[PDB]
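Shown below: query_25.cif, with mmCIF, C-alpha atoms.
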data_target
loop_
_atom_site.group_PDB
_atom_site.id
_atom_site.type_symbol
_atom_site.label_atom_id
_atom_site.label_comp_id
_atom_site.auth_asym_id
_atom_site.auth_seq_id
_atom_site.Cartn_x
_atom_site.Cartn_y
_atom_site.Cartn_z
ATOM 1 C CA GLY A 282 -24.964 -6.474 14.644
ATOM 2 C CA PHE A 283 -23.076 -4.766 11.735
ATOM 3 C CA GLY A 284 -19.457 -3.490 11.903
ATOM 4 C CA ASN A 285 -16.799 -4.085 14.595
ATOM 5 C CA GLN A 286 -16.852 -5.473 18.204
ATOM 6 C CA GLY A 287 -13.044 -6.187 18.405
ATOM 7 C CA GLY A 288 -10.851 -3.695 20.355
ATOM 8 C CA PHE A 289 -7.156 -2.829 19.787
ATOM 9 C CA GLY A 290 -5.391 -3.649 23.120
ATOM 10 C CA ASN A 291 -2.736 -1.388 24.788
ATOM 11 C CA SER A 292 0.573 -0.722 22.903
ATOM 12 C CA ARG A 293 4.067 0.888 23.311
ATOM 13 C CA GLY A 294 5.447 1.141 19.691
ATOM 14 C CA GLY A 295 5.442 4.371 17.641
ATOM 15 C CA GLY A 296 2.968 4.241 14.711
ATOM 16 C CA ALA A 297 0.795 1.320 15.958
ATOM 17 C CA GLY A 298 -2.916 0.661 15.171
ATOM 18 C CA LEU A 299 -4.527 0.946 11.688
ATOM 19 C CA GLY A 300 -3.054 2.397 8.439
ATOM 20 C CA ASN A 301 -0.309 4.596 10.107
ATOM 21 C CA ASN A 302 2.567 5.874 7.818
ATOM 22 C CA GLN A 303 6.029 6.898 9.288
ATOM 23 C CA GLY A 304 9.208 8.108 7.446
ATOM 24 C CA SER A 305 8.306 7.544 3.712
ATOM 25 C CA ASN A 306 10.905 9.046 1.279
ATOM 26 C CA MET A 307 10.589 9.003 -2.595
ATOM 27 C CA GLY A 308 14.352 9.383 -3.404
ATOM 28 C CA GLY A 309 15.036 10.273 -7.075
ATOM 29 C CA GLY A 310 11.217 10.340 -7.406
ATOM 30 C CA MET A 311 9.430 9.769 -10.756
ATOM 31 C CA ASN A 312 10.880 10.997 -14.108
ATOM 32 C CA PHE A 313 9.113 10.869 -17.548
ATOM 33 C CA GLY A 314 11.265 11.776 -20.621
ATOM 34 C CA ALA A 315 9.977 13.891 -23.577
ATOM 35 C CA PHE A 316 7.359 12.016 -25.785
ATOM 36 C CA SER A 317 6.985 9.048 -23.338
ATOM 37 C CA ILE A 318 3.301 7.839 -23.135
ATOM 38 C CA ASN A 319 2.267 5.718 -20.024
ATOM 39 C CA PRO A 320 -1.519 5.358 -19.358
ATOM 40 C CA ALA A 321 -3.195 3.312 -16.511
ATOM 41 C CA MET A 322 -0.123 3.286 -14.134
ATOM 42 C CA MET A 323 -1.551 1.550 -10.971
ATOM 43 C CA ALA A 324 -5.172 2.181 -12.204
ATOM 44 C CA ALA A 325 -7.353 0.227 -9.669
ATOM 45 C CA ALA A 326 -4.356 -1.552 -7.988
ATOM 46 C CA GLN A 327 -4.626 -2.601 -4.269
ATOM 47 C CA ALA A 328 -1.293 -2.291 -2.282
ATOM 48 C CA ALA A 329 1.215 -1.393 -5.074
ATOM 49 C CA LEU A 330 4.673 0.372 -5.094
ATOM 50 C CA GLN A 331 5.989 0.130 -1.405
ATOM 51 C CA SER A 332 2.523 0.065 0.203
ATOM 52 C CA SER A 333 0.738 -1.768 3.071
ATOM 53 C CA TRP A 334 -2.818 -3.184 3.222
ATOM 54 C CA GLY A 335 -4.300 -5.056 6.239
ATOM 55 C CA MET A 336 -7.923 -5.998 7.076
ATOM 56 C CA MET A 337 -9.733 -8.026 9.837
ATOM 57 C CA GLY A 338 -13.454 -8.846 9.081
ATOM 58 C CA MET A 339 -15.796 -8.801 6.004
ATOM 59 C CA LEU A 340 -15.058 -7.340 2.483
ATOM 60 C CA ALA A 341 -18.152 -7.929 0.217
ATOM 61 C CA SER A 342 -18.561 -6.467 -3.347
ATOM 62 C CA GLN A 343 -15.582 -4.240 -4.375
ATOM 63 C CA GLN A 344 -15.456 -3.043 -8.045
ATOM 64 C CA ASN A 345 -13.146 0.034 -8.404
ATOM 65 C CA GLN A 346 -12.927 0.885 -12.174
ATOM 66 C CA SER A 347 -10.778 3.187 -14.381
ATOM 67 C CA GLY A 348 -12.150 3.658 -17.965
ATOM 68 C CA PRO A 349 -10.303 3.726 -21.349
ATOM 69 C CA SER A 350 -7.026 5.767 -21.472
ATOM 70 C CA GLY A 351 -5.431 4.518 -24.738
ATOM 71 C CA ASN A 352 -5.247 6.177 -28.204
ATOM 72 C CA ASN A 353 -2.827 9.115 -27.643
ATOM 73 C CA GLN A 354 -0.595 10.669 -30.393
ATOM 74 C CA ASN A 355 2.449 13.038 -30.785
ATOM 75 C CA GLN A 356 2.550 13.834 -34.595
ATOM 76 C CA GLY A 357 5.144 16.048 -36.386
ATOM 77 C CA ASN A 358 6.019 18.153 -33.234
ATOM 78 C CA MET A 359 9.500 19.875 -33.300
ATOM 79 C CA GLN A 360 12.001 20.276 -30.317
ATOM 80 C CA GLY B 282 -23.565 -10.819 12.885
ATOM 81 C CA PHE B 283 -21.603 -9.095 10.034
ATOM 82 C CA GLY B 284 -17.979 -7.847 10.294
ATOM 83 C CA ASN B 285 -15.385 -8.488 13.035
ATOM 84 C CA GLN B 286 -15.524 -9.911 16.629
ATOM 85 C CA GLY B 287 -11.726 -10.654 16.905
ATOM 86 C CA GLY B 288 -9.560 -8.197 18.927
ATOM 87 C CA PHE B 289 -5.849 -7.352 18.447
ATOM 88 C CA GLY B 290 -4.160 -8.217 21.809
ATOM 89 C CA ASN B 291 -1.527 -5.993 23.556
ATOM 90 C CA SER B 292 1.827 -5.330 21.750
ATOM 91 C CA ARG B 293 5.322 -3.749 22.249
ATOM 92 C CA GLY B 294 6.781 -3.471 18.663
ATOM 93 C CA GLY B 295 6.843 -0.221 16.646
ATOM 94 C CA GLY B 296 4.432 -0.303 13.662
ATOM 95 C CA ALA B 297 2.212 -3.221 14.833
ATOM 96 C CA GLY B 298 -1.485 -3.846 13.960
ATOM 97 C CA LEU B 299 -3.018 -3.515 10.445
ATOM 98 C CA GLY B 300 -1.465 -2.041 7.243
ATOM 99 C CA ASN B 301 1.258 0.121 8.991
ATOM 100 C CA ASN B 302 4.191 1.402 6.779
ATOM 101 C CA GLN B 303 7.628 2.386 8.334
ATOM 102 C CA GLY B 304 10.855 3.592 6.574
ATOM 103 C CA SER B 305 10.029 3.072 2.815
ATOM 104 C CA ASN B 306 12.690 4.579 0.454
ATOM 105 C CA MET B 307 12.458 4.578 -3.427
ATOM 106 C CA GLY B 308 16.240 4.939 -4.150
ATOM 107 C CA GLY B 309 17.009 5.861 -7.797
ATOM 108 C CA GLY B 310 13.198 5.958 -8.209
ATOM 109 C CA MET B 311 11.480 5.433 -11.602
ATOM 110 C CA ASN B 312 13.011 6.684 -14.909
ATOM 111 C CA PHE B 313 11.318 6.603 -18.388
ATOM 112 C CA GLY B 314 13.542 7.526 -21.405
ATOM 113 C CA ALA B 315 12.333 9.680 -24.365
ATOM 114 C CA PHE B 316 9.751 7.845 -26.648
ATOM 115 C CA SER B 317 9.304 4.856 -24.241
ATOM 116 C CA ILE B 318 5.608 3.671 -24.129
ATOM 117 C CA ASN B 319 4.492 1.525 -21.063
ATOM 118 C CA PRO B 320 0.690 1.186 -20.483
ATOM 119 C CA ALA B 321 -1.061 -0.877 -17.694
ATOM 120 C CA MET B 322 1.959 -0.948 -15.251
ATOM 121 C CA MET B 323 0.451 -2.706 -12.137
ATOM 122 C CA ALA B 324 -3.138 -2.036 -13.441
ATOM 123 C CA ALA B 325 -5.386 -3.999 -10.975
ATOM 124 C CA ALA B 326 -2.438 -5.817 -9.247
ATOM 125 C CA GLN B 327 -2.797 -6.901 -5.545
ATOM 126 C CA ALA B 328 0.495 -6.635 -3.484
ATOM 127 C CA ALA B 329 3.068 -5.727 -6.212
ATOM 128 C CA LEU B 330 6.537 -3.986 -6.140
ATOM 129 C CA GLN B 331 7.773 -4.275 -2.426
ATOM 130 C CA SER B 332 4.273 -4.331 -0.894
ATOM 131 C CA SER B 333 2.413 -6.180 1.917
ATOM 132 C CA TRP B 334 -1.155 -7.572 1.976
ATOM 133 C CA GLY B 335 -2.715 -9.464 4.942
ATOM 134 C CA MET B 336 -6.361 -10.389 5.691
ATOM 135 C CA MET B 337 -8.244 -12.431 8.392
ATOM 136 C CA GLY B 338 -11.953 -13.217 7.547
ATOM 137 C CA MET B 339 -14.228 -13.125 4.420
ATOM 138 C CA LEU B 340 -13.405 -11.633 0.932
ATOM 139 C CA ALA B 341 -16.452 -12.178 -1.407
ATOM 140 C CA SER B 342 -16.773 -10.677 -4.963
ATOM 141 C CA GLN B 343 -13.759 -8.462 -5.904
ATOM 142 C CA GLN B 344 -13.544 -7.229 -9.559
ATOM 143 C CA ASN B 345 -11.206 -4.164 -9.836
ATOM 144 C CA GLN B 346 -10.901 -3.278 -13.592
ATOM 145 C CA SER B 347 -8.689 -0.969 -15.729
ATOM 146 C CA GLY B 348 -9.980 -0.453 -19.337
ATOM 147 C CA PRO B 349 -8.059 -0.364 -22.679
ATOM 148 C CA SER B 350 -4.766 1.655 -22.711
ATOM 149 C CA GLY B 351 -3.109 0.427 -25.953
ATOM 150 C CA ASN B 352 -2.839 2.120 -29.399
ATOM 151 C CA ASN B 353 -0.411 5.035 -28.755
ATOM 152 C CA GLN B 354 1.891 6.601 -31.440
ATOM 153 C CA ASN B 355 4.958 8.952 -31.742
ATOM 154 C CA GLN B 356 5.147 9.785 -35.541
ATOM 155 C CA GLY B 357 7.794 11.998 -37.253
ATOM 156 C CA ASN B 358 8.615 14.066 -34.062
ATOM 157 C CA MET B 359 12.108 15.763 -34.035
ATOM 158 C CA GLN B 360 14.547 16.117 -30.996
ATOM 159 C CA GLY C 282 -22.157 -15.157 11.112
ATOM 160 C CA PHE C 283 -20.122 -13.419 8.321
ATOM 161 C CA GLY C 284 -16.497 -12.198 8.672
ATOM 162 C CA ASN C 285 -13.966 -12.885 11.462
ATOM 163 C CA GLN C 286 -14.193 -14.343 15.037
ATOM 164 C CA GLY C 287 -10.408 -15.115 15.387
ATOM 165 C CA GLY C 288 -8.268 -12.695 17.480
ATOM 166 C CA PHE C 289 -4.542 -11.871 17.089
ATOM 167 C CA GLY C 290 -2.933 -12.782 20.478
ATOM 168 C CA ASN C 291 -0.323 -10.593 22.304
ATOM 169 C CA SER C 292 3.074 -9.937 20.578
ATOM 170 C CA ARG C 293 6.568 -8.386 21.168
ATOM 171 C CA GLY C 294 8.107 -8.081 17.616
ATOM 172 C CA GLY C 295 8.234 -4.812 15.635
ATOM 173 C CA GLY C 296 5.888 -4.847 12.599
ATOM 174 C CA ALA C 297 3.623 -7.761 13.692
ATOM 175 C CA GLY C 298 -0.059 -8.351 12.733
ATOM 176 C CA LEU C 299 -1.513 -7.974 9.190
ATOM 177 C CA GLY C 300 0.119 -6.480 6.037
ATOM 178 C CA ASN C 301 2.818 -4.354 7.866
ATOM 179 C CA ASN C 302 5.808 -3.072 5.730
ATOM 180 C CA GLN C 303 9.216 -2.128 7.368
ATOM 181 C CA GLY C 304 12.489 -0.928 5.690
ATOM 182 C CA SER C 305 11.741 -1.404 1.910
ATOM 183 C CA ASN C 306 14.463 0.108 -0.379
ATOM 184 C CA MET C 307 14.314 0.147 -4.262
ATOM 185 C CA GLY C 308 18.113 0.489 -4.900
ATOM 186 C CA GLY C 309 18.968 1.441 -8.520
ATOM 187 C CA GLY C 310 15.168 1.570 -9.013
ATOM 188 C CA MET C 311 13.520 1.091 -12.448
ATOM 189 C CA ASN C 312 15.131 2.364 -15.709
ATOM 190 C CA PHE C 313 13.513 2.329 -19.223
ATOM 191 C CA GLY C 314 15.808 3.267 -22.182
ATOM 192 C CA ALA C 315 14.678 5.458 -25.146
ATOM 193 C CA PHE C 316 12.133 3.665 -27.502
ATOM 194 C CA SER C 317 11.613 0.655 -25.136
ATOM 195 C CA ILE C 318 7.908 -0.504 -25.116
ATOM 196 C CA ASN C 319 6.711 -2.673 -22.096
ATOM 197 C CA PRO C 320 2.896 -2.990 -21.602
ATOM 198 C CA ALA C 321 1.071 -5.069 -18.872
ATOM 199 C CA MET C 322 4.036 -5.186 -16.366
ATOM 200 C CA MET C 323 2.449 -6.964 -13.303
ATOM 201 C CA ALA C 324 -1.106 -6.256 -14.678
ATOM 202 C CA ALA C 325 -3.421 -8.228 -12.280
ATOM 203 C CA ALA C 326 -0.523 -10.083 -10.507
ATOM 204 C CA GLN C 327 -0.969 -11.202 -6.825
ATOM 205 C CA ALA C 328 2.279 -10.979 -4.691
ATOM 206 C CA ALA C 329 4.917 -10.062 -7.354
ATOM 207 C CA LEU C 330 8.396 -8.347 -7.189
ATOM 208 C CA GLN C 331 9.548 -8.682 -3.453
ATOM 209 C CA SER C 332 6.016 -8.728 -1.997
ATOM 210 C CA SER C 333 4.083 -10.592 0.753
ATOM 211 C CA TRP C 334 0.505 -11.960 0.722
ATOM 212 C CA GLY C 335 -1.132 -13.870 3.634
ATOM 213 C CA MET C 336 -4.799 -14.776 4.296
ATOM 214 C CA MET C 337 -6.754 -16.832 6.934
ATOM 215 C CA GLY C 338 -10.450 -17.583 6.001
ATOM 216 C CA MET C 339 -12.656 -17.444 2.828
ATOM 217 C CA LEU C 340 -11.747 -15.924 -0.627
ATOM 218 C CA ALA C 341 -14.747 -16.424 -3.036
ATOM 219 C CA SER C 342 -14.981 -14.885 -6.583
ATOM 220 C CA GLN C 343 -11.932 -12.682 -7.437
ATOM 221 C CA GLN C 344 -11.630 -11.414 -11.073
ATOM 222 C CA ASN C 345 -9.265 -8.363 -11.269
ATOM 223 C CA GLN C 346 -8.872 -7.442 -15.008
ATOM 224 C CA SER C 347 -6.599 -5.127 -17.073
ATOM 225 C CA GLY C 348 -7.808 -4.565 -20.703
ATOM 226 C CA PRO C 349 -5.815 -4.457 -24.002
ATOM 227 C CA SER C 350 -2.508 -2.462 -23.942
ATOM 228 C CA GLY C 351 -0.790 -3.668 -27.161
ATOM 229 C CA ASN C 352 -0.434 -1.943 -30.582
ATOM 230 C CA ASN C 353 1.999 0.949 -29.856
ATOM 231 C CA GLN C 354 4.369 2.524 -32.475
ATOM 232 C CA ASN C 355 7.459 4.857 -32.688
ATOM 233 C CA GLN C 356 7.735 5.726 -36.473
ATOM 234 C CA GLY C 357 10.434 7.938 -38.105
ATOM 235 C CA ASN C 358 11.200 9.968 -34.876
ATOM 236 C CA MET C 359 14.703 11.640 -34.756
ATOM 237 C CA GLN C 360 17.078 11.946 -31.662
ATOM 238 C CA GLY D 282 -20.742 -19.486 9.325
ATOM 239 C CA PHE D 283 -18.635 -17.735 6.597
ATOM 240 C CA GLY D 284 -15.009 -16.544 7.038
ATOM 241 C CA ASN D 285 -12.545 -17.277 9.875
ATOM 242 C CA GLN D 286 -12.859 -18.769 13.429
ATOM 243 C CA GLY D 287 -9.087 -19.571 13.853
ATOM 244 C CA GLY D 288 -6.977 -17.187 16.017
ATOM 245 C CA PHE D 289 -3.238 -16.385 15.714
ATOM 246 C CA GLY D 290 -1.709 -17.341 19.128
ATOM 247 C CA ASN D 291 0.877 -15.190 21.031
ATOM 248 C CA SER D 292 4.314 -14.540 19.385
ATOM 249 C CA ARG D 293 7.806 -13.019 20.066
ATOM 250 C CA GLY D 294 9.422 -12.691 16.552
ATOM 251 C CA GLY D 295 9.615 -9.403 14.607
ATOM 252 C CA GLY D 296 7.334 -9.391 11.520
ATOM 253 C CA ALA D 297 5.027 -12.299 12.536
ATOM 254 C CA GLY D 298 1.363 -12.854 11.491
ATOM 255 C CA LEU D 299 -0.012 -12.431 7.922
ATOM 256 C CA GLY D 300 1.698 -10.917 4.821
ATOM 257 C CA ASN D 301 4.372 -8.829 6.728
ATOM 258 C CA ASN D 302 7.416 -7.547 4.670
ATOM 259 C CA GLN D 303 10.794 -6.644 6.392
ATOM 260 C CA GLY D 304 14.110 -5.449 4.797
ATOM 261 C CA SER D 305 13.442 -5.882 0.996
ATOM 262 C CA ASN D 306 16.222 -4.367 -1.217
ATOM 263 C CA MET D 307 16.158 -4.288 -5.103
ATOM 264 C CA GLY D 308 19.973 -3.967 -5.655
ATOM 265 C CA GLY D 309 20.912 -2.984 -9.246
ATOM 266 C CA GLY D 310 17.124 -2.824 -9.819
ATOM 267 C CA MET D 311 15.548 -3.257 -13.294
ATOM 268 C CA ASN D 312 17.237 -1.963 -16.506
ATOM 269 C CA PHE D 313 15.695 -1.951 -20.055
ATOM 270 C CA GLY D 314 18.060 -1.000 -22.954
ATOM 271 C CA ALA D 315 17.009 1.229 -25.919
ATOM 272 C CA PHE D 316 14.504 -0.523 -28.347
ATOM 273 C CA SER D 317 13.913 -3.553 -26.023
ATOM 274 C CA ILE D 318 10.201 -4.686 -26.095
ATOM 275 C CA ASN D 319 8.923 -6.876 -23.124
ATOM 276 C CA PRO D 320 5.096 -7.171 -22.716
ATOM 277 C CA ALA D 321 3.198 -9.264 -20.047
ATOM 278 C CA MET D 322 6.108 -9.427 -17.479
ATOM 279 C CA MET D 323 4.444 -11.224 -14.469
ATOM 280 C CA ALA D 324 0.923 -10.478 -15.913
ATOM 281 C CA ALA D 325 -1.456 -12.457 -13.586
ATOM 282 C CA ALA D 326 1.390 -14.350 -11.770
ATOM 283 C CA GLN D 327 0.856 -15.503 -8.109
ATOM 284 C CA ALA D 328 4.059 -15.324 -5.904
ATOM 285 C CA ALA D 329 6.761 -14.399 -8.500
ATOM 286 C CA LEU D 330 10.246 -12.711 -8.243
ATOM 287 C CA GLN D 331 11.315 -13.091 -4.486
ATOM 288 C CA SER D 332 7.751 -13.127 -3.107
ATOM 289 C CA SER D 333 5.747 -15.004 -0.418
ATOM 290 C CA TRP D 334 2.162 -16.346 -0.540
ATOM 291 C CA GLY D 335 0.449 -18.274 2.316
ATOM 292 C CA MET D 336 -3.237 -19.160 2.889
ATOM 293 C CA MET D 337 -5.264 -21.229 5.464
ATOM 294 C CA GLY D 338 -8.943 -21.945 4.444
ATOM 295 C CA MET D 339 -11.079 -21.758 1.226
ATOM 296 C CA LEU D 340 -10.085 -20.209 -2.194
ATOM 297 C CA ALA D 341 -13.035 -20.664 -4.672
ATOM 298 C CA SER D 342 -13.182 -19.089 -8.207
ATOM 299 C CA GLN D 343 -10.100 -16.898 -8.973
ATOM 300 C CA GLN D 344 -9.711 -15.596 -12.589
ATOM 301 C CA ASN D 345 -7.322 -12.561 -12.702
ATOM 302 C CA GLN D 346 -6.842 -11.605 -16.423
ATOM 303 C CA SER D 347 -4.509 -9.285 -18.415
ATOM 304 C CA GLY D 348 -5.635 -8.679 -22.063
ATOM 305 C CA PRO D 349 -3.570 -8.552 -25.317
ATOM 306 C CA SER D 350 -0.253 -6.581 -25.166
ATOM 307 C CA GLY D 351 1.527 -7.767 -28.359
ATOM 308 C CA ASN D 352 1.969 -6.011 -31.754
ATOM 309 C CA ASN D 353 4.406 -3.143 -30.947
ATOM 310 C CA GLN D 354 6.843 -1.559 -33.498
ATOM 311 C CA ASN D 355 9.952 0.754 -33.620
ATOM 312 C CA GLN D 356 10.316 1.659 -37.390
ATOM 313 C CA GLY D 357 13.065 3.868 -38.941
ATOM 314 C CA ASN D 358 13.774 5.860 -35.676
ATOM 315 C CA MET D 359 17.285 7.506 -35.463
ATOM 316 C CA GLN D 360 19.595 7.764 -32.315
#

Could you take the file, read its structure, and then write that structure out as structure tokens?
Amino acid sequence: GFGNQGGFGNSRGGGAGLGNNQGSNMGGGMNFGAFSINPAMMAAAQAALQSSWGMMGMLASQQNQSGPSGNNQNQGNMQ
Amino acid sequence: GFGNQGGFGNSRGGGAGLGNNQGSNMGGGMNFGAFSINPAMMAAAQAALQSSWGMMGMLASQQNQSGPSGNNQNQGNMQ
Amino acid sequence: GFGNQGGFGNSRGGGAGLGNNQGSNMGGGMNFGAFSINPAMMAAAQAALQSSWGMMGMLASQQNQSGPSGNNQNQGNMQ
Amino acid sequence: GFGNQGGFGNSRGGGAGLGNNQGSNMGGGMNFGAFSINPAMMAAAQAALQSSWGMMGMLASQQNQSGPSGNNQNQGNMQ
């Protein structure tokens, strides 16, 4: 058949199984100064910046796309 | 058949199984100064910047794309 | 068949199995000064900057792409 | 068949199996001074900067690409 026949046996830990997320904290965070230009930051990445990715089985035909994001201008602006 | 026939046997640890994430912390964080230009940061990476990637089985035909992001300008701007 | 027939036998450790992530910490973090230009940082990398990548089985046909990101300018800007 | 028939036998260690990541710490971090230009840092690397890469089986046809990132200028900018 198609899909999954494998169980996940008994457990005792907090946050156990698939894709669980427990006590994330971003700190100072993210900070972009005036007139900074940053396109395509993690566009179509898989497990990036403090992240977790696990799989058991079949992964056929993955194309995740992010189109053009260049060509941006700040011209003659004041303060 | 197609997919997964392999179980995940009994466990005792916190945060066990597939892709779990426990106590991430970004610290100072991310900081971009005024007029800094940084395109395609981790565009289409796989497991980058403090990240975890595990797989058991078949991975056929993966093309994750991020299009053009160059050609950006800051011209004659003041303060 | 297609995919995975191999189980993950019983365990006792915290954070065991596939792609788990436990106690990451970014410290000072990331810091870009004024007028610094840095395109394609870890564009289409696989396991880069304190990262973990494990696989058991078949990996056929992987092309993860990140398009042009050059040609950026800061001209005559003040403060 | 296609994929994986090999199990991962019973274990006792914390953080055992595939691609697990435990107690990473970036320290001082990363620090770019004003008017520093650094394109293609770890563009399409495999296991770079304190990283771990393990595989058991078949790896056929891997082309991960990162396009042009040169030609950047800082001209006549003040402070």

Matched chain/residue IDs from the PyMOL selection byres ((chain C and resi 300) around 9), as a VMD selection string: (chain A and resid 333 to 336) or (chain B and resid 298 to 302 332 to 336) or (chain C and resid 296 to 299 301 to 302 333 to 335) or (chain D and resid 298 to 302)

The PyMOL selection byres ((chain D and resi 323-327) around 6) resolved against shown file, as JSON, numbers by chain: {"C": [323, 324, 325, 326, 327, 328], "D": [321, 322, 328, 345]}

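With all atoms listed in the file as the basis for measurement, A:331 is the residue among A:285, A:331, A:291, A:319 that approaches chain D most closely.
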
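Across the structure, CA of residue 341 in chain A and CA of residue 289 in chain D are spaced 23.1 Å apart.
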
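For the pair CA of residue 353 in chain C and CA of residue 330 in chain B, the interatomic distance is 24.6 Å.
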
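The residues caught by the PyMOL selection byres ((chain A and resi 311) around 7) in this file are residues 309, 310, 312 and 313 of chain A; 310, 311 and 312 of chain B.
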
Selection near residue 344 in chain C, 9 Å with all atoms listed in the file, sequence-local residues under 2 positions removed, as an MDAnalysis selection string: (chainID B and resid 342:346) or (chainID C and resid 325 342 346) or (chainID D and resid 342:346)

Atomic separation - CA of residue 307 in chain C relative to CA of residue 315 in chain A, Å: 24.1 Å

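Between chain D and the residues B:338, B:320, B:287, B:295, the shortest atom-to-atom distance, using all atoms listed in the file, involves B:338.
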
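With all atoms listed in the file as the basis for measurement, A:318 is the residue among A:293, A:339, A:318, A:305 that approaches residue 352 in chain B most closely.
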
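Distance annotation: of A:350, A:308, A:337, A:282, the residue with the minimal separation from chain D is A:337; atom set is only C-alpha atoms.
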
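Residues lying at most 10 Å from (0.2, 14.0, -32.3) in file coordinates, with only C-alpha atoms considered, are residues 316, 353, 354, 355, 356, 357 and 358 of chain A; 353, 354, 355, 356, 357 and 358 of chain B.
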
Is it possible to get the axis-aligned box enclosing range 294-308 of chain A (all listed atoms, 3 Å extra per side) as lines of an AutoDock Vina configuration file, with centre and edge lengths in Å rounded to one decimal?
center_x = 4.9
center_y = 5.0
center_z = 8.1
size_x = 24.9
size_y = 14.7
size_z = 29.1

Can you complete the atoms of range 317-330 of chain A to N, CA, C and O atoms and list them as a PDB file, keeping the file's coordinate frame?
ATOM      1  N   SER A 317       7.336  10.346 -23.970  1.00  0.00           N
ATOM      2  CA  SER A 317       6.985   9.048 -23.338  1.00  0.00           C
ATOM      3  C   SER A 317       5.493   9.075 -22.984  1.00  0.00           C
ATOM      4  O   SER A 317       5.048  10.086 -22.442  1.00  0.00           O
ATOM      5  N   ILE A 318       4.775   7.988 -23.289  1.00  0.00           N
ATOM      6  CA  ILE A 318       3.301   7.839 -23.135  1.00  0.00           C
ATOM      7  C   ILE A 318       3.034   6.607 -22.250  1.00  0.00           C
ATOM      8  O   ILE A 318       3.339   5.492 -22.714  1.00  0.00           O
ATOM      9  N   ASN A 319       2.444   6.788 -21.049  1.00  0.00           N
ATOM     10  CA  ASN A 319       2.267   5.718 -20.024  1.00  0.00           C
ATOM     11  C   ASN A 319       0.904   5.829 -19.343  1.00  0.00           C
ATOM     12  O   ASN A 319       0.816   6.313 -18.219  1.00  0.00           O
ATOM     13  N   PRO A 320      -0.194   5.373 -19.983  1.00  0.00           N
ATOM     14  CA  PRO A 320      -1.519   5.358 -19.358  1.00  0.00           C
ATOM     15  C   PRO A 320      -1.788   4.180 -18.399  1.00  0.00           C
ATOM     16  O   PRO A 320      -1.182   3.143 -18.572  1.00  0.00           O
ATOM     17  N   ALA A 321      -2.689   4.361 -17.427  1.00  0.00           N
ATOM     18  CA  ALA A 321      -3.195   3.312 -16.511  1.00  0.00           C
ATOM     19  C   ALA A 321      -2.092   2.792 -15.551  1.00  0.00           C
ATOM     20  O   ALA A 321      -2.099   1.558 -15.171  1.00  0.00           O
ATOM     21  N   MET A 322      -1.182   3.665 -15.107  1.00  0.00           N
ATOM     22  CA  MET A 322      -0.123   3.286 -14.134  1.00  0.00           C
ATOM     23  C   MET A 322      -0.758   3.162 -12.739  1.00  0.00           C
ATOM     24  O   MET A 322      -1.105   4.208 -12.131  1.00  0.00           O
ATOM     25  N   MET A 323      -0.939   1.919 -12.276  1.00  0.00           N
ATOM     26  CA  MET A 323      -1.551   1.550 -10.971  1.00  0.00           C
ATOM     27  C   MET A 323      -3.041   1.930 -10.944  1.00  0.00           C
ATOM     28  O   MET A 323      -3.584   2.100  -9.832  1.00  0.00           O
ATOM     29  N   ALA A 324      -3.701   2.021 -12.098  1.00  0.00           N
ATOM     30  CA  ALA A 324      -5.172   2.181 -12.204  1.00  0.00           C
ATOM     31  C   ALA A 324      -5.863   0.979 -11.537  1.00  0.00           C
ATOM     32  O   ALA A 324      -5.699  -0.151 -12.033  1.00  0.00           O
ATOM     33  N   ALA A 325      -6.534   1.215 -10.407  1.00  0.00           N
ATOM     34  CA  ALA A 325      -7.353   0.227  -9.669  1.00  0.00           C
ATOM     35  C   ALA A 325      -6.504  -0.897  -9.043  1.00  0.00           C
ATOM     36  O   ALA A 325      -7.076  -1.949  -8.686  1.00  0.00           O
ATOM     37  N   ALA A 326      -5.209  -0.676  -8.820  1.00  0.00           N
ATOM     38  CA  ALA A 326      -4.356  -1.552  -7.988  1.00  0.00           C
ATOM     39  C   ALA A 326      -4.827  -1.508  -6.521  1.00  0.00           C
ATOM     40  O   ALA A 326      -5.563  -0.567  -6.139  1.00  0.00           O
ATOM     41  N   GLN A 327      -4.420  -2.509  -5.740  1.00  0.00           N
ATOM     42  CA  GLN A 327      -4.626  -2.601  -4.269  1.00  0.00           C
ATOM     43  C   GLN A 327      -3.301  -3.018  -3.600  1.00  0.00           C
ATOM     44  O   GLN A 327      -2.864  -4.152  -3.848  1.00  0.00           O
ATOM     45  N   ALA A 328      -2.666  -2.127  -2.828  1.00  0.00           N
ATOM     46  CA  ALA A 328      -1.293  -2.291  -2.282  1.00  0.00           C
ATOM     47  C   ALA A 328      -0.290  -2.453  -3.423  1.00  0.00           C
ATOM     48  O   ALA A 328       0.065  -3.594  -3.719  1.00  0.00           O
ATOM     49  N   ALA A 329       0.141  -1.361  -4.052  1.00  0.00           N
ATOM     50  CA  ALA A 329       1.215  -1.393  -5.074  1.00  0.00           C
ATOM     51  C   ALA A 329       2.229  -0.279  -4.813  1.00  0.00           C
ATOM     52  O   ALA A 329       1.853   0.710  -4.179  1.00  0.00           O
ATOM     53  N   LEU A 330       3.471  -0.502  -5.254  1.00  0.00           N
ATOM     54  CA  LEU A 330       4.673   0.372  -5.094  1.00  0.00           C
ATOM     55  C   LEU A 330       4.873   0.810  -3.621  1.00  0.00           C
ATOM     56  O   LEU A 330       4.468   1.941  -3.279  1.00  0.00           O
TER      57      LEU A 330
END
